[PDB]
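Given as structure tokens, the chain that follows is alone and in the form deposited in one PDB entry.
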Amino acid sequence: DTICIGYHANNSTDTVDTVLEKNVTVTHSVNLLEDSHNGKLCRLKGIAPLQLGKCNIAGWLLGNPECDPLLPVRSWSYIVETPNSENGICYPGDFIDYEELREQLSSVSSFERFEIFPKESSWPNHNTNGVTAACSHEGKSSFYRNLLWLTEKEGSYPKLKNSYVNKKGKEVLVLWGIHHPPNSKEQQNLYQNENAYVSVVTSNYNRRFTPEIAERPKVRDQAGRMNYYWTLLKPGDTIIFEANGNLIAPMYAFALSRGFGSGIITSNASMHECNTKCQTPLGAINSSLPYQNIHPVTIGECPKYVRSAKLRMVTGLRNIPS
């Protein structure tokens, strides 16, 4: 009579690597590296993202007419920009602190688009019909939906001084613009004042703008420029504009709400009726594995991104079924 001591073997072809040996066939193992995604843009914990479509951050906040208008009140879990965002800043100019504005929006979870300065009520004795061809819509010349080009009325540009008190209970993002004609003749024809100025003041913001006239190369068939500025009016604070020309006045501001875990991503995938706890620009990840080699840009509760192509931990024995 005999008795033997042995160990398990099966038809497992799983291979793991050790420090002393590579490609060790084992009976049981566990994959720690997640490489699978659905290739879709899904909701993040029940909240759909904010898709800007043809627009980017600048074009959406300024109100580019070429982009489909969004609902007045929106809420999202993350922002999505398309790689070929052709509609953004339509009139040539510089967006001051645009990256800081994107970083601020990265923690925003909701906006309410309201009329801070009504068009036919806020700027008397001034023309509010100024449009341009660089911001065309349906072939015709147009202008931003959230801004208003104030020009001379009846050969006179009286000094305007308006203000808004923030009674929304939240931060109010306010955007405006400063125009710079290429020559002084256009300056007189548009604002009737060669020594014009703009002043924007709050309780913590204070800036003065002076037009700078010079011939500039044609960008979008425009020799003049238009610098865009923004600020975050705190709850209860008052913002005051005072100008005698060159002021691209605000018309629609944004009532913002702060959140956590949000961010801005550039994705090419489409939105589907799905939900996930982890979103990448390539697709959603439904996994509890610790690692993933899909994309370094992650939104939500995701595995740690690594460059590895294989992360498998052996749980069984050395498979020797011979």
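Start at 1 and count along the sequence shown; that's the residue number. Take the two forms, find the largest set of C-alpha atoms that superpose within 1.5 Å, and that set is the rigid core.
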Taking only the CA atoms, which stretch has the higher mean B-factor in the record, 280-288 or 58-66?
58-66
Assert higher mean C-alpha B factor (221-229 or 153-161, deposited values) equals 153-161
Note to self: of 215, 100, 81, 171, the C-alpha temperature factor tops out at 215
So if I compare the CA B-factors in the entry for 234, 207, 113, 119, which one is the largest?
119
Quick tally, chain-level thirds of C-alpha B-factors: residue 135 sits in the highest
Check where residue 322 lands among this chain's C-alpha B-factors and tell me if it's the lowest, middle or highest third.
highest
Going by the recorded CA B-factors, say which third of the chain residue 190 sits in, lowest, middle or highest.
highest
Thinking about Cα B factors across the chain, which third does residue 77 belong to?
lowest
Residue 127's Cα B-factor: lowest, middle or highest third of the chain?
highest
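Beyond the structure shown, there is the form deposited in another entry, which is absent from this document and is the topic of what follows.
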Just one of 262, 276, 27, 280 has a C-alpha that shifts by 2 Å or more between this form and the one not shown on a rigid core fit; which is it?
27
Return yes or no for residue 16: a CA shift of at least 2 Å between this form and the one not shown, with the rigid core superposed?
yes
Residue 165: CA shift of at least 2 Å between this form and the one not shown after core fit?
no
Does the C-alpha of residue 236 move 2 Å or more between this form and the one not shown once the rigid core is lined up?
no
Output row for the residue 88-residue 73 CA distance, |change| of 3 angstroms or more in that other deposited form, reads closer
By 3 Å or more, the Cα spacing of residue 71 and residue 62 differs in that other deposited form; is it closer or farther than in this view?
closer
